Every structure is written in C-alpha cells, then in structure tokens.
Amino acid sequence: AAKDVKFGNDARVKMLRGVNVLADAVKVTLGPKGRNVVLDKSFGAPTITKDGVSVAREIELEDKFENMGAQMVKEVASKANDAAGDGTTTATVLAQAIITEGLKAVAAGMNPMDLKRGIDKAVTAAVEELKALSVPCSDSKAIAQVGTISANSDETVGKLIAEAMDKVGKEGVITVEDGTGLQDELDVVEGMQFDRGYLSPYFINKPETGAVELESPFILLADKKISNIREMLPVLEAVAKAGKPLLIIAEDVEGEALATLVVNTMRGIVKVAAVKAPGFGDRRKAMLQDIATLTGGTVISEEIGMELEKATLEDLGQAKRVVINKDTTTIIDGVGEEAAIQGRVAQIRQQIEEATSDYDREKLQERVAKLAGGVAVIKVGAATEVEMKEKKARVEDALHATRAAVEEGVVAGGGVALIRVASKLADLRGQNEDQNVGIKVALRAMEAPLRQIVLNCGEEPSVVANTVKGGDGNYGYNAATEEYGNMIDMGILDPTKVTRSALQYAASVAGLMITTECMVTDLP
Amino acid sequence: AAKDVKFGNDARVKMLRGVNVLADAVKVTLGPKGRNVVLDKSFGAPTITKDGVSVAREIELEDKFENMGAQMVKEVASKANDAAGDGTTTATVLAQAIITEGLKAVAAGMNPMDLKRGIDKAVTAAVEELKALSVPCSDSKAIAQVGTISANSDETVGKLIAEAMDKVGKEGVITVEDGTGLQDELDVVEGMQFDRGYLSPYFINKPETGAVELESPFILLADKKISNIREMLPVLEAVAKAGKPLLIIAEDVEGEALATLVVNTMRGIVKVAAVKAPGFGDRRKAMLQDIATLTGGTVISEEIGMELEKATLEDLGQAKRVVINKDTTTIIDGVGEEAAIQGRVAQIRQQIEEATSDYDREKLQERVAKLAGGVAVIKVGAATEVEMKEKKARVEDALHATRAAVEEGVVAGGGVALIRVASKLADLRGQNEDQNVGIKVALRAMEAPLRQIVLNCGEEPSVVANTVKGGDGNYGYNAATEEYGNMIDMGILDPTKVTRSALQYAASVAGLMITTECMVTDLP
Amino acid sequence: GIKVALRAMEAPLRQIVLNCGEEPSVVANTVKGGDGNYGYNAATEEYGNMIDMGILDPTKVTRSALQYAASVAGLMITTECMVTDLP
Amino acid sequence: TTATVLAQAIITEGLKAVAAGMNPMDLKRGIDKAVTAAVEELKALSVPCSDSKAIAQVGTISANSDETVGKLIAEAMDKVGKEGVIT
Ligand SMILES: Nc1ncnc2c1ncn2[C@@H]1O[C@H](COP(=O)(O)OP(=O)(O)O)[C@@H](O)[C@H]1O
Ligand SMILES: Nc1ncnc2c1ncn2[C@@H]1O[C@H](COP(=O)(O)OP(=O)(O)O)[C@@H](O)[C@H]1O
Ligand SMILES: Nc1ncnc2c1ncn2[C@H]1O[C@H](COP(=O)(O)OP(=O)(O)O)[C@@H](O)[C@H]1O
Ligand SMILES: [Mg+2]
Ligand SMILES: [Mg+2]
C-alpha cells in the first residue's frame, strides 16, 4: 500500500490537531458540571453522555495523521482505566496540557530528549509526593464513607460495599448479584477467583461490561494443552445432551486453530468458554488441582494418566455461578462439599512451615487465605429489581473504587492533590534548562484538571485555582456546592491509585509525542 | 468511521435549526383548527394528517447535526406519549419555546447550568400548582362527561367507557371488543392483566397499535429460565398438531439466542409469543402460580419438579382472548373454572391478616382486588361493524384519557391551566439572574400552546391570550366555537396527568440542549 | 448600563496584567481589595503604592479616554440595522 | 490605546445586555450617567503635578519607561518656562 510520509513540524502539527479535537470533547465532561456531548447513534435519538470514555471511543478523525495523534492519546487514557477504574478524562486533560506545551517547546528548537527526561523526572518526584499525601483508608470506618463517596456520593450503594469489606477488608473478593429478596442479602461463599483472561476476546455474554455471568455451567479442568476438535467433540456432545454451557480450564487448547475458532463457531449454537490456568509449571498444575479440590472436579488429559474423550457430566466441576471476563476467572459457589474441599486444609497448613523456596512459601500463605477467604456474595435486594439492576452497575462502580482506595490509600480529591504536588515540587530543577522547561511543563499541566472543572462549573478557573493553591492541605473547591472547604471532610476524595496512574500514563504519551520524528500512514 | 466534530455556537445553531423544522410541522396541527400536513407516501396519494405524531415520526433532516437536534426533541415528545396517551405536539410546542429562548440566552454569554436550574425550579413549582389546579373526577358522574370529552367530545364512545368504569371506577381493566350483536354488549370477565412487555420488539400482530389480540391460544407457564430450542421444539411440535398459537410466560427464555431469534423464525410459520412474568423472586414465582390458578394452567420446568418437553395441549392454560403489547400482557377470559380459581380466595383473604412484610401485605391486598376485579369486556355493538371498528380506535382513544383523568384529576383544558400557573408563579425568582432569566423563559414558554392554537384558529394570539390571562379560573377561548367561556363547563378539559408530563419532558430536553457543549456525528 | 461602565473601567488593568502574563482576574481582585494608590507594578511584577513607585498617569488623558470611549460605545450598542454596499 | 480597550469592553458588555432585551437607549443613558460621575471623582482623586521629579516620572511612564527621555524633557520643561514650547 502507498504510504504518505510526514516529517518534523509537518507531522507534529497534524498530531497536535488530532490530540486537541479528542481532548476538547472529553474535557467538557469533567466533574459534576460536565456539559453533555451528543453522540450520533446510527438509528434512534443521538446518545447524550456526560461520560468521557463513551465520547473518546466515539471520536475518530478523517485526516489519517490527525486520527493517529488522537488514537495514541485514547489508548493511554484507556490504559489508565485498565490500571484503575476511572481517570480516563483526567488522563486526557493532563496529556493535552503536557503535549501542547511540550510540542511548542520542541517548535522553539529545544532538545526533545531532555524535555522528555525533565517531564519524566518531575512526574517520578510527584508520584512519591502523592504517596506522602495519601490518607490510609484501611480501617472499615474509613471504608464506610470512602465507599459512600466512591459510589458517586451515594450512601445506599456505598454502605452495602462497606458492609461486605467489613466482611473482608482488602483481598476478599466481593461480587454483585441481583437480589432475590426485597431486603438486601449478603453471604460469604468460599468460592474462588484468579486474574487470568479468557482465551478469545469474543467470549462476552449478557452483562454490558465484556463479561460472562454464567448460571450453573459445568467446568472442564485439563493438565496438558488439549488436542482440540477430535476429542473435544465427544465432551461437547455429552455437554449438549444436558444443555449446559462448558468452560475449559487448561494450559491452553492446542490453540492456533480452535482457541481462535471455537467462539466464532459456538456462540449461536451452545455457548462454550476457555481460560488460562493461573501461574506456570508445577505452580499452575498444582493450582489447577487446588482449583479441582475446591470446585469438586478432577483434572483431565491423555498425557499424565486420565484420558479426556468419553467424559460424563459427573467427570466435571460445576458452580452455581461463574464470572469470566477479559482479565478474570471467578467461581462463585462450587458443587464441591465441605469435607472434600478441606482435604486441602491439612497440606496447605503443613507446607507453610517448611517449603525451601521463599516464593513457594509466599504462594502457600497466599493460597490458604485465598482458599478459605472465598468470595463475598452481595445480593442487592432493592424493592424494584430494575432499580437494583440499575444500582448494580454503581455497586460494580463502587468496589472498583473501594478496592483501589484500600490498596494505595486516598488523596484530596479534586486536583487539590496535584496542586499541592505542583506547589510542593516547584523547587525541583532540571540539570539543563531544556530539562528545567520540562519540569515546569509538567508542573503547569498538573493544575489543568482543577482549572478545567472550574471552567465547566462556570467559575473562572484562575480565582479558584489561586485560592486553592494558597490554601492548606485538603482546602479545595467543591464545585457541586460551589464553595471552598476541606475536600476530605466534605466527601470529595479519590484513591492515590487513580491520580498516580493518570499522571504516569499522560507523561508516557507526551514523551513519545515530543520525540516522534516521523509519521507513516496509509495514503488517503 | 470518520466523525465530524462540532463545538460551541457551531453545534447549537445547527441543533436549533433541526428543532425548528420539526416543531414547525408539528405545531401547525395543534387543536381543532390544525391545518393538514401532506406526508409523502412511497406509492399512492400522499397521506394528509392533522395528527402531530404521524408528522413527527415522518420528519428526518439531511444535515447530520440538524437531524440530531430534531431526533432529541422527537424522543422526548414520544416519551410524553408513553407516560400519558397524548401531549406529543404540546410537548414540542413547549420544548421549542424553552429551547429557542434558552439557546439565545446562552448565546448572550449567560451561564448555561443555572439557566437550566432556573427553568427546572420554575417547572417543579408549576407542577405542584397544576395539582392544586386539579379537579378530582373520581365520581362516575364526573367520569360520564369527562369520558365524553375524552373521546374527542363524542357522547356515544364516552358513555360506553363511562358505563364500564361505572363497573370499575379506577383500577378495573376495561378492553374494547368488536361487537357480535347490533346492540352494544358489556360484561365483566374475571380475567387478568399485568404491565410486562413482550420479550421481543417484533411480536406485533393484526391491530395497528403494535399489539397482539389473540383468539383462543394456549399458554405455557414456566418456573425456570427455559432451555430453549431443544425442549421447546417438542412443545412447538405438539402445539403445531392443533394449529393454535403459543405464549411463553416465564422468567425469560435462555434468551440471548432464541428470545431474540424465535420471532424472526416463527411469524410466517406458526405465530408464537413470549413475555416476562410480573415482579421478581418469590413474588414473581408466586404470582405465576396465582396466574396459573386463574387461567387453569400449571407451572412447568426441569428445575423444580415438573419437566417441560413432552407436554400436551391439556398441560397448558388457554384463554378465549389474549392481548399482548410492548408494555402489557392481558388475559381476557380463561379456560379455568370458578371453583378451581377460587382455590385461591381462602389463602389470599387469610395472608392479608398477618404477613410480616409491609409490601407483602400491600401485594396481597392489591392481588385479591385484582384477582376478583377481573377485566371489564366492552362489546361495541354498532349497526355497522366497520364503523364500530372505526369507533373502536376512539374507544381505545377514550380509556387512555379516562384512565389518566381518574389517576390525577382534571385541569382546565386549553393551555388555560398553563396560563394560570404562569400568572400564579410570576413571583418566583431565581437566586442569580441567570436563574431569574431561566424562570422567565419557562413562564413565557407556558403561554406558547394557547397562542399557537389561536394562531391556527386565525384569531391573532395576543388579544385572546391577554383576555385569557386577565380572566378567572377556567375562563378560556373555545377555539372550535370561537368564543370565551368556562372551559370545564364548555367541555374542554384534559388530565393533570397529560399537562404535567408534557411540561416535565419539555424541560428535560431543553436543559440538555442548553448545556450541550459538543456534537459528534458520522461524516456525511 | 451603570454596571456595564463600572465593569469596563477595570479593563485597562486586566489587559496590562494579561500582556505581563500574570492572571488578570487574580491581580484585579488584589488591587480592588487594596485601597488608595495600591496597584500592580507591571514591570517589577509586584504590588505597591503607584505614586511611591513612580507610576503616574495625567488626569486629562484618563478622563478623556473614558469620555470618548463612552460616547462612541453608547451609540454603537443602540444600532439595530446596518446598511452597506453589496460585496 | 487605553481608550480603545475601554471602548471594546463597554461594547462587549452592552451588546450582551441588549441581547438580554435591555432597552439600548436606556443602557446608553445609564452609561453616560456613570461616566459624568466618574469624571468628577477623577478630579477629586487628581493631585497637581509640577515637581520636576514628578514631571520626569510622567514623561518616563509615557515613554515606555525610558528614564533618559523623562529626565531630558523635565530639564527642557525647566528651561523654557510655562510660556515655552518644546519640540
Ligand atoms: N463535587 C466535586 N467537587 C469538585 N470536584 C469533583 C467533585 N466530584 C468529583 N470531582 C472531581 O472531578 C473528577 C471526576 O470527573 P469525571 O467526570 O468522573 O471524569 P474522570 O472519569 O476522568 O474522573 C475527579 O477528578 C473528581 O475528583
Ligand atoms: N375546542 C377546543 N378549544 C380550545 N382548545 C382545544 C379545544 N379542544 C382541544 N383543545 C386543546 O388543544 C390541544 C389538542 O390538540 P391536539 O391536536 O390533539 O395536539 P396534542 O396531541 O399535542 O394534544 C389540547 O391542548 C387541547 O386541550
Ligand atoms: N510598570 C507599570 N505598571 C502598570 N502600568 C504601566 C507601567 N508602566 C507604564 N504603564 C502604563 O500602562 C498604561 C500605558 O498605556 P500605553 O501602552 O502606554 O498606551 P496609551 O497611554 O496610549 O494608552 C498606562 O496605564 C500606564 O500606566
Ligand atoms: Mg471519573
Ligand atoms: Mg391531543
């Protein structure tokens, strides 16, 4: 294909125009005051959205070069959401400010490489300062309002989340279930979870979040990389007698064909899934038979001693519910029985004494807590099930935030945290002035999220930013109530996890943007 | 896809042009004098319509941005019809007036957010005042002319509706049936209804209102979310022996495939339907076996104790007629027999004493009245059945209005009600003047429906609006007879239900329109 | 109308501060909060008594600027129609 | 330059008020009422200048802060006297 080659300022000017168009649309929707963006939908009334992610995914530009600049910022903003579940608009507000000023400095003939180093040095220092700024919210009492604040300042969703982590503070998995009673129901089931993606991108089922809630499927568990269609078809034939969905847990399938192919064949037919087992080698294999002991299943392949093909519905695990997604496999409640599952407890307690490897010891002491801790199951018993269905997303909204908050503590929400780092590290100086200019570009960019939010509020951003900069600690503007106060006390706070991720991702995209010598795109 | 990005006044000016084009066409058809709009039809003479809904659905604009502005007003006008069955043109007359003036205020640099708050504050106050304005029409004597007025001022259709609600005043379901006698026939059959939509949008049958009148089908009733094509095909084979249509009542089907698919497969073949059971959990399940007791059927699935597949035509409910639509399931007369149906009456009377939950008590006392109240069946015995078929739509016309009227009472029809709220709340003032301007924009907009109607009448709107504003209570212009009088006495009135819905929906679309910072549409 | 004139009178200070690069509104608030000749020395980017710092403007020039601006501006706001040669 | 900046602000604020539906002529009368009062207050604020130190300072500020220009004009101011003309 013919490729259009662009160079120097020619390419950079095109890239900035694309960054600006995407940032402008995402920036208006920052904070409680974010103005709605009308997104054309192909049939039906155009969607009106106050959410940055929907607008960003929508934005595509017709200029090949301008689109490439927009796409690069979008992927880093999405990466911020992957690390912590929000920060998508904040990442683009920060990225646009660093990128626009940095590109202008490069257009002044300044060395791009140390401009990049100076911005990165300031970012690393700011990240350490943010951790110092952090308020540990480990205690359940802190979790109680942290969770209420986390759920878009809603007490009802927050308290249920807080009630369960009252159950497990930290690592206990908590899941959201539609309530079967009009009173809310919470129980802890000693099920399981592991952070392993599904073996095709296309396994998505009914919940609009790329995920696979699955009611009473049976589970295959395999100890060699499975020979595919010839011996999986017997099992699929057996599975299709009963009518239940199947999940493959394995090393992989012999996957170049059928791990790609099976989800394109089987969605409309039967619904069948596949996932990687956790860790590698003996740990993966041992962990698969740990998984087996907990589900009630046994592990199966031609290779070791326990042939696959003629397997029945008894020769499987089963779980009352399963969740599976791009990045996670979750077992909500096995068919396995208390005594058999506790065939494990004697060994796992024993090996913790003595294991000759430090990470084997760590894995064993992680595994026993995990195995016994289980999954906290929250049933949202709202009077209206459509409304608990609606609040169900906010509850998933909340635990993403609450989990991030417990992991890194909390910072003064509002860009007050970035203002105090900016004021805190004004002293930091670059070795050369290209480096010095880079430090300043990063510091000025840190002010941009607070200023954009006050602009959406209609307050002129400068008076407020001057007052917030002048103020002490968590003194900040609550734009929803339009007055200054202590933000943490007022109830505006976010995890140090979220702010740190947005700043780091914004810095990386900006550095690449400043140092991009040439852009090659397909000819229009 | 390449997306055209618009910003600030650039987008708003495009959106206003689209709102204006749609509003202009809908506004001319307001009231008895509404001038006809010729709607091109692809083959045959162009339809001439004095109905706003037909014109609004028709209007589509070629500019991507202009169409998006029109579509947003259309969906809110349709939402007004969904809440109460009319108000579609009135919503657009009100929406255009708030949107045009509000956009002009935003174009004056005024803060969009409080303009929005000021309009909304005035609307909330006006809604309370409208309820104070309300005349309770609960009494059957009030229903008698309320119904006559409701049926486009026709006494014949109104009296039959009034005669049946003489039967049940309020909650008793009343249905319209083609008369089998030349004398009108009215009977009350203790059948059933529940406000649950059908499980595909495409289930539509013979009546031109998206609905499913169905003569003697048999009914499936299921107590688990059904395993689909493999065990539904036996039943479908059994059903297709007899030749009757089938309805699935269930939690759902295992629906991602066959609940979407079945209506695309089975329309031309056999005609088969599916609906959600009412409520959730024990209440849904109990209510399904309440439904079972009343129809004469029993509830069926693999899961609890009563396998599906080999079921006969006896192992079903049956009803003489059924109605099903986007939002409702109706059972007109079971096959069930008096004594068996009254297997229920002892329990339902008993549990009302003692139930330990307040909403369980409410559901029980709602359920007994509902179960015994039944469906009032009106047979329109006109001398001409084509004419009773024609009047049949007006009778459906009437009960939509009569039901709304009994629920909220009635207000001086004619925009006289909105004039008196506007005059009543002239005192209301915004905290800031952006808020003050918003209150005034809402108040001036309230006058627009009366003025548009007098303009269609050919009276200049100002003299009449000045006189109506000056006059007392229900003093208003009867544009059909072209003279002022007491509107309620003259026979021009509408439910508080209808006016309140139109004002609320118009305010919501206007606020979004004023605060829309950016519009993203697919490139032309 | 009186308010429009008073708000406009703050405009020269804001524009000098904008040319300096400091935030005009923040400086305007400090000067408005201050009293007497307290003002922002644009060259030294500091706040001090203007007479003491030597920043003095002739009264005739300031008075003339206000009167001339008000007369032309007041007529311009009243314009409702413009008639000009077709391009 | 200051007259243009003041005029631009009065027109921008006035046009926004006319857009709100405020009668344009009434705003013009209000602007004029404020200006007449402001001119009197400038006369009260004014303190006379004839010190050659002050004469140099008004010259320096008027010359984009050129100290030499103000210094020389004060001396020429001094030598010619009030009836004198400086070119
Ligand atoms: N009531 C408020 N007062 C001040 N700012 C707020 C308030 N609530 C949230 N914020 C801040 O505004 C941002 C939330 O805006 P949001 O629309 O969710 O964009 P994003 O997805 O990038 O976080 C966060 O930075 C949050 O800290
Ligand atoms: N005889 C009449 N006198 C005055 N106005 C009337 C008369 N009859 C109805 N109206 C008013 O005119 C409106 C009915 O117009 P219509 O064409 O049905 O549009 P819409 O569907 O929005 O109600 C209602 O607001 C009604 O109150
Ligand atoms: N350091 C200073 N502080 C503030 N303003 C200054 C300073 N020095 C000179 N000025 C000038 O700024 C304005 C001068 O305007 P100028 O640009 O010289 O053109 P003109 O006098 O025709 O309006 C005056 O307010 C004057 O005070
Ligand atoms: Mg957010
Ligand atoms: Mg109508």
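For this deposition, the record names cryo-EM as the technique by which the model was determined and cites 3.43 Å as its resolution.

Per the PDB entry, chain D goes by 60 kDa chaperonin and derives from Escherichia coli.

Chain C appears in the PDB entry as 60 kDa chaperonin from Escherichia coli.

(A) Spotlight on the overall build of chain C. In terms of regular secondary structure, chain C is built from five helices and two strands. Relative to the globule expectation of 12 Å for 87 residues, the C-alpha radius of gyration of chain C, 17 Å, shows a markedly less compact shape. Each of the three principal axes of chain C carries a C-alpha extent, and together these read 55 × 30 × 25 Å. Each of the 87 residues in chain C was classed as buried or not, and the buried ones make up 29%.

(B) View of the site of ligand 3. The full set of residues close to ligand 3 is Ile16, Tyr40, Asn41, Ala42, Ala43, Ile55 and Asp57 of chain C together with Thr1, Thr2 and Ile61 of chain D. In this structure, ligand 3 is bordered by residues of chains C and D. One of the side-chain nitrogen or oxygen atoms of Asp57 of chain C is found 3.2 Å away from an oxygen atom of ligand 3. In the environment of ligand 3, an oxygen atom lies 3.4 Å from a nitrogen or oxygen atom belonging to the backbone of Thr1 of chain D. Burial of ligand 3 by the surrounding chains reaches 61%, relative to a free accessible area of 570 Å². In the shell around ligand 3, the residues fall into six nonpolar, three polar and one charged.

(C) Structural detail: the interface of chain B and chain A. Each side of the interface is counted separately: chain B has 32 residues, and chain A has 40 residues. Taken together, the links from chain B to chain A amount to four salt bridges. Close ionic contact of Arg283 of chain B with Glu385 of chain A constitutes a salt bridge, the shortest N to O distance being 3.1 Å. Seen at the junction of chain B and chain A, the total is 13 residue pairs in polar contact.

(D) Inspection of the packing of aromatic side chains at higher detail. Throughout the structure, instances matching the rule amount to eight aromatic pairs over all chains. For the pair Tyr40 of chain C and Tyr47 of chain C, a centre-to-centre distance of 5.3 Å together with 50 degrees between the ring planes defines the contact as tilted. Owing to a relative accessible area of 8%, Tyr40 of chain C belongs among the buried residues under this scheme. Among the aromatic residues, those joined into a ring-pair cluster are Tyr475, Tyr477 and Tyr484 of chain A. Of note, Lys6 of chain B hangs over the ring of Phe65 of chain B, and the distance from its end group to the ring centre comes to 5.6 Å. Directly above the aromatic system of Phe280 of chain B lies the positively charged group of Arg283 of chain B, at a separation of 3.9 Å from the ring centroid.

(E) Up close: unusual backbone geometry. Residue and element names in this part refer to chain A. Of note, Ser153 is a non-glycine position whose phi angle comes to about 55 degrees, a positive value. With respect to the element layout, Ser153 can be found in the loop between α6 (140-150) and α7 (155-167). Positive phi values are uncommon outside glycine, yet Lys271 reaches one of about 75 degrees.

(F) Just the coordination of the magnesium ion (ligand 4), in detail. Surrounding the magnesium ion (ligand 4) are the protein donor atoms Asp86 of chain A (OD) and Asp86 of chain A (OD), which sit 2.1 Å from the metal. In this fold, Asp86 of chain A is placed in the loop between α3 (64-83) and α4 (88-106).

(G) Seen up close, the nonpolar core. Residues and elements named next belong to chain A. Among the nonpolar cores identified, the biggest contains 67 residues, and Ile59, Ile99 and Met446 are the most heavily contacted of them. Among the elements that make up this core, the one with the highest residue count is α4 (ten residues). Apart from residues no more than four positions distant in its own chain, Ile99 is found in contact with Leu16, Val19, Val73, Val509, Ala510 and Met513.

(H) Looking closely at the environment of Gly458 of chain A. Residues and elements named next belong to chain A. Topologically, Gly458 is positioned in the loop between α16 (433-457) and α17 (461-470). Owing to a relative accessible area of 46%, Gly458 belongs among the partly exposed residues under this scheme. Spatially, the C-alpha atoms of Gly458 and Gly485 are 18 Å apart, while their sequence positions differ by 27 residues.

(I) How the structure looks around the arrangement of the chains. Here four pairs of chains make contact, and the pair sharing the most contacts is chains A and B. There is a gap between chain B and chain C: no contact, and a shortest C-alpha distance of 14 Å. Separated throughout, chain A and chain D approach each other most closely at a C-alpha pair spaced 17 Å apart.

(J) Structural view of the environment of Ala401 of chain B. Residues and elements named next belong to chain B. Here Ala401 shows up in helix α14 (residues 385-408). Separated by 93 residues in the primary sequence, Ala401 and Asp494 place their C-alpha atoms 7.8 Å from one another. Beyond its immediate sequence surroundings of up to four residues, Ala401 is in contact with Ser150 and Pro495.

(K) A look at the site of ligand 1. All names here are of chain A. Taken together, the neighbourhood of ligand 1 is formed by 16 residues, with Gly31, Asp86, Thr89, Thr90 and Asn478 sitting nearest. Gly414 has a polar backbone atom sitting 3.4 Å from an oxygen atom of ligand 1. Contact distances for ligand 1 include 2.9 Å between a nitrogen atom and a side-chain N or O atom of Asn478. Contact with the protein chains hides 79% of the accessible area of ligand 1, taken as 560 Å² for the molecule alone. Elements represented by at least two residues in the shell around ligand 1 include exactly α4 and β16 (475-478). Counting residues per element, the shell around ligand 1 draws most heavily on α4, at three residues. Grouping the amino acids of the shell around ligand 1 by side-chain chemistry returns seven nonpolar, eight polar and one charged.

(L) Main features of the sheet that holds strand β3 (residues 47-49) of chain A. Ordered in space as β3(A)-β2(A)-β19(B)-β1(B), the four strands form an open sheet in which the pairing is mixed. Here the strands that pair on one side only, and so sit at the sheet edges, are β3 of chain A together with β1 (3-7) of chain B. Averaged over all pairs of adjacent strands, the angle between their axes in this sheet comes to 20 degrees, without regard to strand direction. As defined by bridge partners, β1 of chain B adjoins strand β19 (residues 518-522) of chain B across five bridges and the pair is classed as antiparallel. Residue pairing in the sheet places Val5 of chain B in a bridge with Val520 of chain B of β19 of chain B. Sitting on the sheet, helix α1 (residues 8-28) of chain B touches β1 and β19 of chain B, and the angle it makes with β1 of chain B is about 100 degrees.

(M) A look at the environment of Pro207 of chain A. Residue and element names in this part refer to chain A. Mapped onto the elements of the fold, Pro207 is located in the loop between β6 (192-194) and β7 (214-215). On a C-alpha basis, the gap between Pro207 and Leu493 in space is 29 Å, while along the polypeptide they are 286 residues apart. Excluding its chain neighbours within four sequence positions, the residues that come into contact with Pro207 are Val212 and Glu213.

(N) Summary view of the pairing of strand β4 (residues 173-178) of chain A. Residue and element names in this part refer to chain A. Most of β4 sits inside the fold, with five of its six residues counted as buried. With six bridges joining them, β4 and strand β14 (residues 375-380) adopt parallel strand pairing. Bridge pairing in β14 links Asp178 to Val380.

(O) Quick look at the packing of helix α5 (residues 112-133) of chain B against helix α19 (residues 496-514) of chain B. All names here are of chain B. The contact between α5 and α19 brings their axes to 9 Å, and the two run at 175 degrees. It follows that α5 is roughly antiparallel to α19 by the angle criterion. Here α5 contributes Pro112, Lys116, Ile119, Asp120, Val123, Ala126, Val127, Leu130 and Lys131 to the contact with α19, which in turn contributes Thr496, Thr499, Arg500, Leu503, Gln504, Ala507, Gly511 and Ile514. Each residue belonging to the contact of α5 with α19 can be placed in one class, and the counts come to nine nonpolar, four polar and four charged.

(P) Up close: the side chain of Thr89 of chain B. One can find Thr89 of chain B in helix α4 (residues 88-106). In contact with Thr89 of chain B, not counting residues within four places along its chain, are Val26, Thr29, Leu30 and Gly52 of chain B.

(Q) Spatial organisation of the sheet that holds β4 of chain A. All names here are of chain A. Across the sheet, three strands lie side by side as β4-β14-β5; this open sheet has mixed pairing. The open sheet has two edge strands, β4 and β5 (185-189), and neither has a second partner. Between one strand and the next, the sheet's axes are offset by a mean angle of 20 degrees, whatever the strand orientation.

Parameters at a glance
- Residues numbered from 1 in each chain as written, not as in the entry; some residues may be left out.
- Chains lettered and ligands numbered in written order.
- Part of a larger assembly, values for the part shown.
- Heavy atoms only, no water.
- Helix = DSSP H or I, 4+ residues; strand = E, 2+ residues; numbered from the N terminus.
- Rg over C-alpha atoms; globule rule 2.2 N^0.38 Å.
- Buried < 20%, exposed > 50% of the residue type's maximum accessible area, 1.4 Å probe, protein only.
- Near = heavy atom within 4 Å.
- Polar contact = N/O pair within 3.5 Å; in protein donor to acceptor, adjacent residues only side chain to side chain.
- Areas by Shrake-Rupley, 256 points an atom, 1.4 Å probe, with all protein chains shown as cover.
- Nonpolar A, V, L, I, M, F, W, Y, C, P; charged D, E, K, R; others polar.
- Contact = heavy atoms within 4.5 Å.
- Salt bridge = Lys/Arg side-chain N within 4 Å of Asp/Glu carboxyl O.
- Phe/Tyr/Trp six-rings, centres within 6.5 Å; stacked < 30°, edge-to-face > 60°.
- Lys NZ or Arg CZ within 6 Å of the ring centre and 35° of its normal.
- Donors = N, O, S within 2.8 Å, 3.2 Å for Na, K, Ca; no water.
- Core = buried A, V, L, I, M, F, W, Y, C linked by side-chain atoms within 4.5 Å.
- Pairing = 2+ DSSP bridges.
- Axes fitted to C-alpha atoms, helices over the stretch in contact; angles between N-to-C directions.
- Parallel < 35°, antiparallel > 145°, perpendicular 65-115°, else oblique.

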